[PDB]
Each structure stands twice: as structure tokens, then as C-alpha cells.
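Colleague: Residue numbers (this note's numbering): 9 to 56. Backbone N, C-alpha and C define an ideal beta-carbon position, used for all residues, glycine too. Sharing a structure below in C-alpha cells format, with a few things to ask.
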Amino acid sequence: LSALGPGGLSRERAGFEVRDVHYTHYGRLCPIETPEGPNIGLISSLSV
DNA sequence: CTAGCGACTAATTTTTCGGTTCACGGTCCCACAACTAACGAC
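Okay, here's the thing in C-alpha cells:
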């Protein structure tokens with residue numbers, strides 16, 4: 009699940025808040041599997 | 001010291017593509033321009 013692309017955010021425009029883990033990610037977005045770098049938090053993985 | 005002896009080259013034609021013409025219902029920071037409320041002078 010990518011937050012980037014047409015109609016989405018940009019790496020330069022991406023603040024810290026969108027990259028963190030929300031309490032609503034529980035069971036929907038994995039709080040572990042994210043890229044380690046400039047794309048952290050902006051690219052997430054679906055939960056099982 | 002000398003002589004006898006063992007088929008290629010030039011001229012003319014023809015054809016496809018391009019040119020031309022006609023032309024109605026994100027963030028943070030540093031400057032710059034307004035700009036206005038208050039302050040002072042005639």
C-alpha cells in the first residue's frame with residue numbers, strides 16, 4: 009500500500025506524522041514491515 | 001716462343017512525396033510591496 013504517486017504525497021513533502029504508526033493500523037497495516045530509508049512509513053504492508 | 005696434335009558508359013525519361021492553396025452556419029526562511037492606524041504639522 010503506497011502513499012506515493014499521482015494524487016499522493018511526495019518524499020520531500022512527507023512529514024513525520026504520516027510516517028508513524030497509528031492506533032488504527034492494528035490488524036490493517038503492519039507496524040514492522042516498512043522500507044528503511046526515505047520511503048519509511050510511506051510504503052506499508054497489508055496485514056494477514 | 002710458336003705451331004701441330006691427341007559490355008561499359010553516357011544520354012534521356014518517368015515517377016512518389018512534399019509543398020501549396022482553399023478557407024460559415026510541502027516546510028521554513030528572507031525580502032518586497034501594500035497598507036493602515038496613529039502621530040505631527042498647516
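#1: Distance check for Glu25 and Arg19, CA to CA, integer angstroms please.
#2: Kindly indicate the opening and closing residues of the alpha helix (DSSP H) around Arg27.
#3: Once you ignore the five residues that flank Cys38 on each side, which residues in its own chain have a CB closer than 8 angstroms to its CB?
#4: For my contact list, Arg21 and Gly49 are in at a C-beta cut-off of 8 angstroms; report their separation, rounded to the angstrom.
Modeller: The short version:
#1: As a position in the first sequence, residue 19 is number 11, starting the count at 1. As a position in the first sequence, residue 25 is number 17, starting the count at 1. Between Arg19 and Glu25, the alpha-carbon positions lie close to 13 angstroms from each other.
#2: Position 19 of the first sequence holds residue 27. For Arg27, the uninterrupted alpha helix (DSSP H) run begins and ends at 24 to 27, by DSSP.
#3: One-based indexing of the first sequence puts residue 38 at position 30. Here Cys38 has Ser52, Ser53, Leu54, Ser55 as same chain residues with Cβ atoms under 8 angstroms from its own Cβ, once five neighbours each way along the sequence are excluded.
#4: Within the first sequence, the letter at position 13 stands for residue 21. Within the first sequence, the letter at position 41 stands for residue 49. That pair is no contact at about 13 angstroms.
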